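Have a look at the structure below before the remarks.
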Amino acid sequence: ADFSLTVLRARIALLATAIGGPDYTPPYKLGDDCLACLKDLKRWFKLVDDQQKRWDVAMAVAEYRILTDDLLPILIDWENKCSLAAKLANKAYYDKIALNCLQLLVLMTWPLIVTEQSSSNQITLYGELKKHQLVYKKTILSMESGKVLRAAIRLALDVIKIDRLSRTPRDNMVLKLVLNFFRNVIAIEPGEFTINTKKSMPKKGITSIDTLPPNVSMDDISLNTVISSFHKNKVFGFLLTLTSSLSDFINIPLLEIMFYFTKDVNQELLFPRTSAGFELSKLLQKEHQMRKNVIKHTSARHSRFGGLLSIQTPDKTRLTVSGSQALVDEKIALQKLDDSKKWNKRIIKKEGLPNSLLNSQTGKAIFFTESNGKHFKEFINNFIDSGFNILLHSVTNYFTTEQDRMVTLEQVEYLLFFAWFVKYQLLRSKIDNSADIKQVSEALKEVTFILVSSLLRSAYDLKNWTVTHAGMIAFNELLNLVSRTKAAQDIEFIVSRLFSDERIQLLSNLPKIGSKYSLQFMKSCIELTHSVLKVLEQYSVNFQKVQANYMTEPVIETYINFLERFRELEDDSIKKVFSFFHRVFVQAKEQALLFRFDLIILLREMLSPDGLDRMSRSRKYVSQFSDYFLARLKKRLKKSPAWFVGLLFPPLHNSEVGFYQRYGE
Amino acid sequence: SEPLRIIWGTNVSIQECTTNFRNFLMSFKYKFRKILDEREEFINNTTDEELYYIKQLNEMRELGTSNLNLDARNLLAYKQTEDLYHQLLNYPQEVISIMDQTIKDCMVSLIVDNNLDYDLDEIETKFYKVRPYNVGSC
Amino acid sequence: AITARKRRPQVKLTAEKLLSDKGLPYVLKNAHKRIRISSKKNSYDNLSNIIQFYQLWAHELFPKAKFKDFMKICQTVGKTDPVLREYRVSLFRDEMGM
Amino acid sequence: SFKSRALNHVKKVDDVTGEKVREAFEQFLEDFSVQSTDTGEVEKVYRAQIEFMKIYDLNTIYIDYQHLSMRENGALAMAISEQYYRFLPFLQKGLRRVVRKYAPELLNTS
Amino acid sequence: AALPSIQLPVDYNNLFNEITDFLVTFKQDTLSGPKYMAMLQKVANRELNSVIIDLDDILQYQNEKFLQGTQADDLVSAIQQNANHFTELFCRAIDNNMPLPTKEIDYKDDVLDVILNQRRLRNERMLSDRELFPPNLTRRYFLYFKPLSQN
Amino acid sequence: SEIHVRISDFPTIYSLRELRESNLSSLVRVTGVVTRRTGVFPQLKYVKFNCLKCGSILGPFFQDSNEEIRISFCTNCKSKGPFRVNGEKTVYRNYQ
Amino acid sequence: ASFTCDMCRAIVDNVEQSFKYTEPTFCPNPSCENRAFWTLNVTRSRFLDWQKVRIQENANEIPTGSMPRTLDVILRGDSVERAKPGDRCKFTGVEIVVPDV
Ligand SMILES: [Zn+2]
Ligand SMILES: [Zn+2]
């Protein structure tokens, strides 16, 4: 009962007074028995919140501001003691409270996850408890430019000094704990607005998803602040020299840190591919095209002017609409008579991991400042140039073992980590000849292919769609790299025999199921399919034997459902879809399968003035496709008036007439 | 075989109304108005052969301005448009919307038919209005 | 004995209605007459020339649903009715008998 | 457990015009360079005004529209004239980042 | 909500028949077609928008019928008592009896004719297996009762 | 039963023109002329309420100077309802 | 604005305000049943100084001595009370529609 809660909160408040405080003689000063008090607070975390599965101490500690107002002052001033002394060299004791402060920071910043196994109290407290971690992330990054980060690296340097031979299990743990601190500080991200669904929605939905507490802004949490404070505390230098020193107890958290940096940033944002103002002018012109389009869809006189059109149909019957512009344009009248319907078909629905490229909105960029972009890109450049192959070899040499116990989070973060840096180095090398494909050579060592294949095959068999999607992404970048090294030249021939049979079948069956899943799932299926087809064509066991496994209606449904988002897709993705159509329809000549009205509607909606950019290369491809498509449909209808009705339906799987429908003799 | 766009309650075809107005908004000459009104002997070719509404639309487009004044008797002076006058009086909002759209189409078509270069995007962005006046007895 | 108790009637698109004369036989009567495709016109116009007939026919057959929803119901019922399958194969059986 | 649904912000759409306006305006605010009746060393008037705000703990910044008008062919000035109500939050975002860079004391009432 | 009901000394089926018989029978013969049918012909030609019913005419009709020996139920007293209902009855009698026009009026410009013609076409298609309106919509005239002259 | 500490000699003063958002719920010291004084009234201070459903009596709410007591739901039956001021006990303070 | 739910002590915060006084539609707590039963937290929520001032067309700018046209101007924050009755002023800001709330 809540009496226990007020007793708890009272205890935590008294402990908050025991830690320390400012001294007017302003400087922060530790309390008497400070180490015992910090130990008792750590005890409270284990004793209550872990062992009873509560998070009540984790809430109370935020209420009484212990992290922001004691522990960060302690760590920053201890860092100042050690750094000022380092130029000049009872520290042997104060080092202990600094370590225990870092332990408490790792506890209070520990990434919260809620599942079915989480307690009722935990899932109740989750939403507000996340907010205090966001305050912690802000304060950790901002306070004295984040000098606590320098305190953390000093605590790590104080075991890196003693040899690889010297470091005890406690020293190894301390280094791993510092990595968990950096990982946590990166990893905190705003929570999701978790609505109760017992009671029906009112006449207005949710007012806003915003979960940030009032003293936080999303810019405080943005990657710009992380990169700035990490650069100004040389965290990047620490990580680079740490991975340079890898010659493996800590390898999983270090991998995890690189995942947590990469997980939501797009590689091409780090490359250009008055300039900002010029581009603003370009943006304004692009939306002005939409203005001159919506103007034609707008009444030239006021809304109450209200002249009535009547559409007489081809039969002796009449419809009526009020569209003032529609009086001179039956196109508008028809689509308005369609939009007038009150009816809509009812539509259908559909956690222990963070948001990422796996599930963001497809165009969701991160807006680096130029200095932060430079600092981040040079850091990951130096990482590729030093740490990639050894770290990937280290963690994959682990992960070939213990696959059965590889938790889902660990799987998805590993696959995404692999894919992101492979894609990045390919892009940097396509930009600069000075950058080497072989600097990510560990990707191609067959152990890696075997592991990623095992993860994809197992996740598909286990119907783990999350890891399935991530392994699909990893396969896309692996095949991308493989095609590049095929041009750069043996391993290409080797994998080009290993992905035979069962792997062909599995890859063929991802886009059969993909139509049921989110837009990013479908996008990754399409991307994989294009990569697979270009790889197999570069090889070209038989080409027709493989591609026939793809050319079937469930795959076409995935392609159409992906293409329904054309306004929100990128031009290159439309190009990829229409190149697939180009092969299937023009070259492979299974043209019957695309004579279906969903495509017809979609073609008109994007070729309409309300659709694609007039000067778009993808518009050029859709126009080029559509002329030939209409010509072929005209031919088939002239040869088959039955196909006027067949256009409406799935084609006939009763082969005895199905062949005739498909080809028409 | 095809749908028809009709002014509701009238059976007037909007294509017919459009072209009946177009063939007056271009190719009307002011000399015809003096045939309708009194003092018809005051017709004078050197002042009255003018394509009056081409002249209006040219000065209007050089000023870039949206509005055209239209004495409604000028419809009754012109053979393909005397019926449009009755449709204008009896069914005004539909006919006026048609006339507005026709003015915009005349402005668009002039800069590609008379074919002097102009900001097509400006005309595309702009709305156009007819202002009929002297409709009848006050 | 039981004096009346109420219930809510309902109607939806169905294979019998879709097989009535105003259904697909209307398409076979009118589609080749009303749609015309030409190289003399752009792709957008030709696509509209297809779409206008099917939209008007879909409305006149079943004015409840939007055109896209109508197409979805047509695809699903086409996927899942034997009478409609028999009629559809009968069209191509007739063309095979030509 | 309680029947409930996770509603997520990361699937939001972002106004690319607004974000690019914020980028342009933020750059203008931090580095618009001029000086007169003095040395040719540029004053960077709005950064200096942020320092004045930091001294006198103010909470407003005065901006000359003509300085925007000369900046970047006046495209930013035209955008802020035409569609001010859309772009004011984006201008506050840009101003907040500049204040973080050159006067982070001001991000609180302090 | 139920209601009680009573009997009264009136019958509107009977009085409707009396009204229509009057309407097709009476004329001011002492002044030497039926007066009201001529006036309804003028309404059909749309030259006249008002039908003026004279209670004097109903009195003279009653006197003629009573001289011929039949009862006439004193329609004058009835329609002085409850005139509002009898406007509706007289309009129903007119909307039944009213003849076609003798003069042409450029009919195609009348909106109500066009809209109800389109309705009739659609209803013929429906009835071919492929009232029509509220009566006030088709009733162009207005009906008025002129009082009894003092005599 | 109660004492009120009447704070005096508060050091910082404002004019009525000078009041702003930053003064909200702060103690302030102000000068002016009393332009219009209403009568002296009893006002509720501690008020119990009756729910007409379930066990009626509800515990004493403390009345403030700005808002009526809102009872969104009756705690004893955890539902909406009509409400009345309780007759068993209520207490009043002067108001003006 | 910022609100605490009536049937549980959870807090909604940073609630943007329309022209009407806007309260939250859903409780953030997945356990909770609440809609539209709230208490505003006056201390956590933030207000702004606000002042409407009515202006009329300049006497020397009216064309022929007819009535001057009027407008309602909203001042906020540091800009309030810089106007004065009878003063002749120049403002800059946004032309906006204000609904009948
Ligand atoms: Zn109760
Ligand atoms: Zn609640």
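Numbering starts fresh at 1 for the residues of each chain in the structure tokens, the chains themselves are lettered A, B, ... in the order given, and ligands are numbered from 1 as they appear.
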Ligand 1 neighbours within 7 Å using only C-alpha atoms and all ligand atoms, as JSON, numbers by chain: {"F": [51, 52, 53, 54, 55, 56, 74, 75, 76, 77, 78, 79, 81]}
I need the residues from that last selection saved to file as a compact mmCIF listing (two decimals), in the first residue's frame (with N, CA and C atoms), if you can.
# COMPACT_ATOMS: atom_id res chain seq x y z
N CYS F 51 -23.23 12.28 -1.39
CA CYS F 51 -23.61 11.56 -2.60
C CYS F 51 -25.01 10.99 -2.41
N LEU F 52 -25.87 11.16 -3.42
CA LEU F 52 -27.21 10.60 -3.32
C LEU F 52 -27.22 9.09 -3.58
N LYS F 53 -26.17 8.56 -4.19
CA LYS F 53 -25.95 7.12 -4.29
C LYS F 53 -25.13 6.66 -3.09
N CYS F 54 -25.10 5.33 -2.88
CA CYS F 54 -24.22 4.63 -1.93
C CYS F 54 -24.23 5.25 -0.53
N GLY F 55 -23.18 5.00 0.26
CA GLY F 55 -23.02 5.69 1.53
C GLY F 55 -22.73 7.17 1.30
N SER F 56 -23.63 8.04 1.76
CA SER F 56 -23.71 9.39 1.19
C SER F 56 -22.52 10.27 1.56
N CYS F 74 -17.70 10.20 -7.05
CA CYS F 74 -17.80 9.84 -5.64
C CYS F 74 -16.78 8.75 -5.31
N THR F 75 -15.93 8.98 -4.31
CA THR F 75 -14.91 7.98 -3.99
C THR F 75 -15.53 6.69 -3.45
N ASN F 76 -16.67 6.80 -2.75
CA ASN F 76 -17.25 5.65 -2.08
C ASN F 76 -17.89 4.67 -3.05
N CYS F 77 -18.37 5.16 -4.21
CA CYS F 77 -18.88 4.31 -5.28
C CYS F 77 -18.15 4.52 -6.61
N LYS F 78 -17.05 5.29 -6.62
CA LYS F 78 -16.13 5.49 -7.74
C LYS F 78 -16.86 5.76 -9.06
N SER F 79 -17.88 6.61 -8.99
CA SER F 79 -18.74 6.94 -10.11
C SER F 79 -19.17 8.40 -10.02
N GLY F 81 -22.04 11.46 -10.09
CA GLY F 81 -23.32 11.59 -9.43
C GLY F 81 -23.71 13.03 -9.13
Cut-off 6 Å, only C-alpha atoms and all ligand atoms, neighbours of ligand 2 as a list in words: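 Written in the requested form, the residues are residues 5, 7, 8, 10, 27, 29, 32 and 34 of chain G.
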Preceding selection exported with N, CA and C atoms as a short mmCIF file (atom, residue, chain, number, x, y, z; two decimals), in the first residue's frame:
data_model
loop_
_atom_site.label_atom_id
_atom_site.label_comp_id
_atom_site.auth_asym_id
_atom_site.auth_seq_id
_atom_site.Cartn_x
_atom_site.Cartn_y
_atom_site.Cartn_z
N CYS G 5 -4.19 13.84 -13.37
CA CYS G 5 -5.43 13.09 -13.51
C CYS G 5 -6.14 12.96 -12.16
N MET G 7 -8.27 10.37 -11.05
CA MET G 7 -8.30 9.02 -10.47
C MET G 7 -6.92 8.39 -10.33
N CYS G 8 -5.87 9.01 -10.86
CA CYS G 8 -4.50 8.62 -10.56
C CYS G 8 -3.64 9.86 -10.63
N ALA G 10 -0.89 10.68 -12.00
CA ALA G 10 -0.02 10.92 -13.15
C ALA G 10 -0.25 12.31 -13.73
N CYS G 27 -5.31 9.66 -20.78
CA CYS G 27 -4.37 9.54 -19.66
C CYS G 27 -3.10 8.83 -20.14
N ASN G 29 -1.05 7.07 -18.41
CA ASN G 29 -0.88 5.83 -17.68
C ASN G 29 -1.64 4.71 -18.39
N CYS G 32 -4.79 3.48 -16.60
CA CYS G 32 -5.86 4.37 -16.19
C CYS G 32 -6.96 4.47 -17.24
N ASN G 34 -9.09 7.19 -17.41
CA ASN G 34 -9.57 8.57 -17.47
C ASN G 34 -9.64 9.11 -18.90
#
Spatial neighbours of segment 40-43 of chain C, 10 Å, only C-alpha atoms, chain gap at least 6 places, as a ChimeraX atom specification: /A:603-604,607-608,622-631 /C:49
Spatial neighbours of segment 1-17 of chain B, max dist 8 Å, only C-alpha atoms, sep filter under 2 positions, as a PyMOL selection string: (chain A and resi 308-315+320+327-328+330) or (chain B and resi 19-21+84+94-95+98) or (chain C and resi 33-34) or (chain E and resi 108-112+114-115)
At most 6 Å to chain G: residues in chain A, only C-alpha atoms, as a PyMOL selection string: chain A and resi 194-196+206+214
Residues near segment 19-25 of chain E, cut-off 6 Å, only C-alpha atoms, skip fewer than 6 positions along chain, as a list in words: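 Near neighbours after the sequence-gap exclusion: residues 34, 36 and 93 of chain E.
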Atom CA of residue 26 of chain C to atom CA of residue 128 of chain E, straight-line distance in Å: 17.2 Å
Between atom CA of residue 23 of chain C and atom CA of residue 11 of chain C - distance in Å to one decimal: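 So the two atoms, atom CA of residue 11 of chain C and atom CA of residue 23 of chain C, lie 16.2 Å apart.
Here the question is which of C:61, C:50, C:2, C:35 gets nearest to chain E using only C-alpha atoms, and that residue is C:61.
You will find atom CA of residue 73 of chain G at 5.2 Å from atom CA of residue 53 of chain G.
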Segment 7-71 of chain G: residues DSSP assigns to strand (DSSP E or B), reported as a VMD selection string: chain G and resid 11 to 12 38 to 40 50 to 56 70 to 71
Go ahead and save the residues from that selection, with N, CA, C and O atoms, as a PDB file, in the first residue's frame.
ATOM      1  N   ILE G  11       0.779  12.839 -14.396  1.00  0.00           N
ATOM      2  CA  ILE G  11       0.820  14.223 -14.862  1.00  0.00           C
ATOM      3  C   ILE G  11       1.049  14.240 -16.372  1.00  0.00           C
ATOM      4  O   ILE G  11       1.993  13.612 -16.867  1.00  0.00           O
ATOM      5  N   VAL G  12       0.183  14.970 -17.101  1.00  0.00           N
ATOM      6  CA  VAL G  12       0.434  15.377 -18.483  1.00  0.00           C
ATOM      7  C   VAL G  12       1.065  16.762 -18.437  1.00  0.00           C
ATOM      8  O   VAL G  12       0.724  17.577 -17.572  1.00  0.00           O
ATOM      9  N   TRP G  38      -9.653  16.203 -14.871  1.00  0.00           N
ATOM     10  CA  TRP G  38      -8.307  16.733 -14.691  1.00  0.00           C
ATOM     11  C   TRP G  38      -8.295  17.849 -13.658  1.00  0.00           C
ATOM     12  O   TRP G  38      -9.318  18.482 -13.380  1.00  0.00           O
ATOM     13  N   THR G  39      -7.108  18.087 -13.102  1.00  0.00           N
ATOM     14  CA  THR G  39      -6.797  19.286 -12.334  1.00  0.00           C
ATOM     15  C   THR G  39      -5.567  19.945 -12.942  1.00  0.00           C
ATOM     16  O   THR G  39      -4.536  19.289 -13.122  1.00  0.00           O
ATOM     17  N   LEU G  40      -5.675  21.233 -13.261  1.00  0.00           N
ATOM     18  CA  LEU G  40      -4.530  21.974 -13.776  1.00  0.00           C
ATOM     19  C   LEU G  40      -3.527  22.213 -12.654  1.00  0.00           C
ATOM     20  O   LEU G  40      -3.892  22.685 -11.574  1.00  0.00           O
ATOM     21  N   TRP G  50      -0.201  38.851 -21.345  1.00  0.00           N
ATOM     22  CA  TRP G  50      -1.077  39.019 -22.498  1.00  0.00           C
ATOM     23  C   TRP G  50      -1.841  40.323 -22.328  1.00  0.00           C
ATOM     24  O   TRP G  50      -2.251  40.661 -21.215  1.00  0.00           O
ATOM     25  N   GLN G  51      -2.028  41.055 -23.426  1.00  0.00           N
ATOM     26  CA  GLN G  51      -2.784  42.305 -23.367  1.00  0.00           C
ATOM     27  C   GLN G  51      -3.342  42.629 -24.743  1.00  0.00           C
ATOM     28  O   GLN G  51      -2.580  42.868 -25.685  1.00  0.00           O
ATOM     29  N   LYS G  52      -4.667  42.642 -24.847  1.00  0.00           N
ATOM     30  CA  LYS G  52      -5.359  43.171 -26.013  1.00  0.00           C
ATOM     31  C   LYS G  52      -5.359  44.697 -25.968  1.00  0.00           C
ATOM     32  O   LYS G  52      -5.563  45.296 -24.909  1.00  0.00           O
ATOM     33  N   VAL G  53      -5.106  45.329 -27.114  1.00  0.00           N
ATOM     34  CA  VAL G  53      -5.222  46.778 -27.259  1.00  0.00           C
ATOM     35  C   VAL G  53      -5.960  47.062 -28.561  1.00  0.00           C
ATOM     36  O   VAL G  53      -5.663  46.449 -29.593  1.00  0.00           O
ATOM     37  N   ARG G  54      -6.932  47.973 -28.507  1.00  0.00           N
ATOM     38  CA  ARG G  54      -7.752  48.328 -29.659  1.00  0.00           C
ATOM     39  C   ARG G  54      -7.204  49.598 -30.296  1.00  0.00           C
ATOM     40  O   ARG G  54      -6.969  50.592 -29.601  1.00  0.00           O
ATOM     41  N   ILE G  55      -7.003  49.553 -31.614  1.00  0.00           N
ATOM     42  CA  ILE G  55      -6.466  50.666 -32.386  1.00  0.00           C
ATOM     43  C   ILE G  55      -7.497  51.071 -33.431  1.00  0.00           C
ATOM     44  O   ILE G  55      -8.303  50.249 -33.879  1.00  0.00           O
ATOM     45  N   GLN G  56      -7.466  52.349 -33.814  1.00  0.00           N
ATOM     46  CA  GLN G  56      -8.356  52.895 -34.827  1.00  0.00           C
ATOM     47  C   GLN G  56      -7.538  53.622 -35.886  1.00  0.00           C
ATOM     48  O   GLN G  56      -6.409  54.058 -35.644  1.00  0.00           O
ATOM     49  N   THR G  70     -11.401  49.964 -37.253  1.00  0.00           N
ATOM     50  CA  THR G  70     -10.748  49.526 -36.023  1.00  0.00           C
ATOM     51  C   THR G  70     -10.217  48.102 -36.153  1.00  0.00           C
ATOM     52  O   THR G  70     -10.610  47.342 -37.042  1.00  0.00           O
ATOM     53  N   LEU G  71      -9.314  47.752 -35.234  1.00  0.00           N
ATOM     54  CA  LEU G  71      -8.661  46.451 -35.209  1.00  0.00           C
ATOM     55  C   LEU G  71      -8.249  46.135 -33.775  1.00  0.00           C
ATOM     56  O   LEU G  71      -7.977  47.042 -32.984  1.00  0.00           O
TER      57      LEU G  71
END
